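What follows is a single chain, given as structure tokens, in the form deposited in one PDB entry.
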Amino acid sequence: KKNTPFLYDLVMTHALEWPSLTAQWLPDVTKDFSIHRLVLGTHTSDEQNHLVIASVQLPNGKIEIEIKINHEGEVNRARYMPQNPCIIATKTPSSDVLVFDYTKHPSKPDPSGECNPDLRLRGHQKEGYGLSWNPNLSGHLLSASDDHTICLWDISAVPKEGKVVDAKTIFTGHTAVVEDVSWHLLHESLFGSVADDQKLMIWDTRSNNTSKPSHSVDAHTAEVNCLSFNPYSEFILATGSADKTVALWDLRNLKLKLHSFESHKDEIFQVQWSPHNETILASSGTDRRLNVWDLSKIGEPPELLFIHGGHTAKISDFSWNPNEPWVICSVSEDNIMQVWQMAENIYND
């Protein structure tokens, strides 16, 4: 707090009524400020949960809840569809995966608490976290579950008046809880998955065999909780683990870890590349820290650019602002949401 004026160009703190397990900036941006929006959720103790859209004023600081949609159970994860960001998929504490078009719901929820999702996606037997929309195939959604499977739905092929969709494909390569799943940015047929079986799997949707991946690799010495593909370097990705490390990978040679990022004091739950800078990656978890890494400083640890110490509880999720370089939203288990940007002098050196 004392050093915040020197460590940050922006630090905004907000206490939500209930904690959010998820955070994702919507891509739209609309005075000496602009309005940005976040997809958030609730995590309650036996009370009505909501899918939430919040607004944030950012300089060219007020945070307000714009929309609350009745949701059945806590929102494990919520992700918007790139081709139509009004469409949001959510992971529930039951098996169903839900889809909402927030323009077709009131801004104020009915106190009856009726969850009326636009689609209920069936296929899983248990809850999960991993959720990914295909940026090259509109409406193709991947989901990871504690039932050890990956489901795929094609939302573009659902009947217009249909409210329930069965999984198009179920991928059964893992032998334990599948923690995360992500499509490649460029190859419409490629996606990666990570699981408690300590493996990273690379899948080709053009393959006739849904029980065997294109590549299976022993990624970590503990559960693998997250993955992220580099949006500038098509062959590169990162994984985060209960190992307390982030691993760096090349799709052309997955049997050899390129690098291991070490600083976290506990389990890592989220890893995300910067949307603006190819060598920048961030990671978060149970140690209540969000680390920012710079690949270009490897060997000069030297690759640790910044440690965000604003949270005093486990970090559940974070999201890089797609419109404002170096702005991050991070959320923790103690109801705190932070919107922050490290000092320009830190990344300009």
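The term rigid core refers to the most C-alpha atoms you can superpose between the two forms while keeping them within 1.5 Å. Don't overthink the numbering: it's just position in the shown sequence, from 1.
The form deposited in another entry is left out here; the points below concern that form.
Of the candidates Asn253, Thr103, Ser211, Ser112, the Cα that moves 2 angstroms or more after core superposition between the shown form and the other one belongs to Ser112 alone. When the rigid core is held fixed, the Cα atom of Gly130 travels less than 2 angstroms between the shown form and the other one. Relative to the superposed core, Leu121 undergoes a C-alpha shift of no less than 2 Å between the shown form and the other one. An increase of at least 3 Å in the separation of the C-alpha atoms of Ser207 and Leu119 is found in the other entry, compared with the displayed form. Pairwise change in the other entry: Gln125 and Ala176 C-alpha atoms lie closer than in the shown form, at least 3 Å.
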